[PDB]
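# Observations on chain architecture
Listed below, chain by chain, are the residues.
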Amino acid sequence: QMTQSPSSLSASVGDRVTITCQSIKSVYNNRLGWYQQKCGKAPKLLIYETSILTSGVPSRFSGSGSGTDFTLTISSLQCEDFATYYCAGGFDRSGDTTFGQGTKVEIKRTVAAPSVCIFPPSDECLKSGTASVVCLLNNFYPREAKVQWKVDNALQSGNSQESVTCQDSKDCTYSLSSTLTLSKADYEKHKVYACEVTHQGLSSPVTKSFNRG
Amino acid sequence: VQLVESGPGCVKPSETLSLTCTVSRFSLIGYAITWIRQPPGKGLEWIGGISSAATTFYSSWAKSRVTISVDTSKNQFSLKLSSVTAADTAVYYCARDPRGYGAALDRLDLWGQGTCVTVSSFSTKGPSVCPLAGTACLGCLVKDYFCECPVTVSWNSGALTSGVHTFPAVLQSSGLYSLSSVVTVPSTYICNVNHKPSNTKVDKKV
């Protein structure tokens, strides 16, 4: 119900960034708070009553504003500050309270090439009908990465899933997991299984392969 | 002091969803407890609240289908949502206001980790845990389960923390979910997987 600006932003480590929170009604008794939510985690109260820092929150965070216009400032942006930030306001004591729409914060860093691991299917899960080969791209930036699957150097499609972690709170990198799903018969038919990774940190695509057996 | 959340995990439409928020350990005297929910890929939405004097407030949309109460003998706050549809699928949080305000969102200083609620007609299925074997990767694959969460993946019962990346679950063409957790270690490793909706508790060693 409260407007936040921008919807998402990006900056570099050490930059100063600002998130604005606007409301139609005026805030009652300075009841305006700023929460930070990291991936897969509950929101954490950073600022309460417009400008008071929660104990333990680094002094890099600060809050300002009044009435209908408020501001959260991160003076020295860090990799651990990757999160979605919300503002929450109360306009009376009868139940007029609401959150802001949120603002995503990404951090820019230098290019980092991934490390490629490959995992053959376990014989315990080969007892069912599905075999799953797992390719892992560890600690890379930027996010854009291409993962190609090869079975006896035959190129696969439509039989693979993938997910990416969020920006690591220490080195600003990402990690991707790709899973190739075949039937156990097709798995026992072929031997060479490879994943070819294309990322701008690599001068050439890096292929990790294993032979079934 | 923690706000332990408990829920059924997956429910079918038209059912009544019942969630509990238990205060583990004693802390402040007059604290209030509010319920927020977060739909997938969306923002925070205030459901309701209950103050230090048990005064219960409901958001405009929740007045006709949410009941919030307290059991003081258990230190257990209860939220009931009636006639649920797929639009009620969300992660539900309880949070504490240290001032005792039952209708304030500006100072929630302690949150529960949240409980997942998926409203669908599809059946619950338990996952299979597949091991995956100067520094090398290893991990575990939690495969073919529904609904998505509550799902927990720990390493060495919490001892292994550094280098551990637990990936977001993906929805496969089989209609089930697959999650993968990996740890990179210098060249005993056991992953503890807990899927509450199917009561699947498996410790697999890699």
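Positions along each chain are numbered from 1 by the written sequence. They may not match the entry numbering, and residues without coordinates are not shown. Lettering of chains starts at A and numbering of ligands starts at 1, both following the order in which they are written. Processing note: side-chain calculations cover all non-hydrogen atoms of the structure and skip hydrogens and water entirely.

Method of structure determination, per the deposited record: X-ray crystallography was used for this entry, reaching 2.71 Å resolution.

## Re the state of the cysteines
All names here are of chain A. Disulfides are defined as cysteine sulfur pairs within 2.5 Å. Summed over all chains, the structure comprises 10 disulfides over all chains. Shown here is the disulfide that connects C135 with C195, its sulfur atoms set 2.0 Å apart. Taking the sign of the S-S torsion, 75° for the link of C135 and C195, the bridge is right-handed. Placement of the pair is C135 in strand β13 (residues 130-140) and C195 in strand β18 (residues 192-198), with a sequence separation of 60 residues. For the purposes of this entry, the term helix denotes a DSSP run of H or I that reaches at least four residues, the term strand denotes a run of E that reaches at least two, and both are numbered from the N terminus.

## Some thoughts on the pairing of strand β12 (residues 128-132) of chain B
Residue and element names in this part refer to chain B. Buried residues dominate β12, accounting for four of its five residues. Relative to strand β13 (residues 135-145), β12 is paired through five bridges, and the arrangement is antiparallel. Paired with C130 across the bridge in β13 is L141. For each residue, the accessible area found with a 1.4 Å probe, counting protein chains only, is set against the maximum for its type, and the residue is called buried under 20%, exposed over 50%, and partly exposed in between. Note on pairing: two strands pair once DSSP finds at least 2 bridges between them.

## Describing the interface of chain A and chain B
The partner chain B presents 40 residues to the 43 residues of chain A that form the contact. For the pairing of chain A and chain B, the buried interface totals around 3400 Å² over both sides, and the portion due to carbon and sulfur atoms is 64%. A per-residue breakdown of the area chain A buries against chain B is headed by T97, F99 and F119 of chain A, which together make up 17% of the total. One side-chain nitrogen of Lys or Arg within 4 Å of one carboxyl oxygen of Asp or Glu is enough to make a salt bridge. Along the contact surface separating chain A from chain B lie two salt bridges. Across the pair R107 of chain B and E49 of chain A runs a salt bridge whose closest N-O atoms are separated by 3.2 Å. In the analysis that follows, any N or O atom pair within 3.5 Å is treated as a polar contact, provided that within protein one partner can donate a hydrogen and the other can accept it, and provided that, for residues neighboring in sequence, both atoms belong to side chains. Our count for the chain A to chain B interface comes out at 13 residue pairs in polar contact. Elements that contribute at least two residues to the side of chain A that touches chain B include exactly β4 (32-37), β5 (44-48), β9 (83-90), β10 (97-99), β12 (115-119), β13, β16 (160-164) and β17 (174-183) of chain A. Considering every element that reaches the side of chain A that touches chain B, the biggest residue donor is β13 of chain A, with six residues. What makes two residues a contact is simply this: any of their non-hydrogen atoms within 4.5 Å. The term buried area means the drop in 1.4 Å probe accessible area that two parts suffer when joined, counted for both and summed.

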